[PDB]
């Protein structure tokens, strides 16, 4: 129970949003799949698991994403570029996600139908804006987990919103039901060349106790 805070504190202190990446650091599907096993364990509303990742390793495709990413060269120099997607229709998979509860005899048919109905109606009652909010919220929780996993694995990342979402969707053939919530580059940054961390507001300027 005893040393988890100090380890985590070091991980968090060492994580810097990359401004550059270095060549000669290829990343493999195996490297990434280890990070994604941790991402799978992120919390998500109603366990709907809203988040999808399109992970681009192909250098020609990365070159082609540069214009879409507001000209940011780090898309090219990165080892991989991830598009973090949120399903605006995530709630439609409630019936499938919850089905094992029925098969394992944890819920009976009525209870399972009720649970699916609670989740679906929560979303449908609130409407389209809420569905999109949920896409952004749940994918962003997931993205933070991705970045800390990457850091733990010894990789650098830069989260990015400086891109044309529509262009990215056309280039990568992403369906309409997915919001492009963020882009994350991953790779190895030269540490000697890093600027110091940007100014942070003190805790007493962003937390109110009541």
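Residue numbers count along the first chain shown, from 1.
Just going by the entry, 95 to 103 versus 79 to 87 on mean CA temperature factor gives the higher value to 95 to 103. Set 119 to 127 against 133 to 141 and average the Cα temperature factors; 119 to 127 ends up higher. Per the deposited coordinates, the residue with the largest Cα temperature factor out of 60, 37, 31, 156 is 60.
In this PDB entry, residue 68 carries a Cα temperature factor that places it within the highest third of its chain's modelled residues.
Looking at the C-alpha B-factors along this chain, the one for residue 196 belongs to the highest third. In the deposited entry, the Cα temperature factor of residue 16 sits in the middle third of values across the chain's modelled residues. Remark: residue 207 belongs to the lowest third of its chain, ranked by C-alpha B-factor as recorded.
For residue 10, the recorded CA B-factor ranks within the lowest third of the chain. Only modelled residues enter the ranking.
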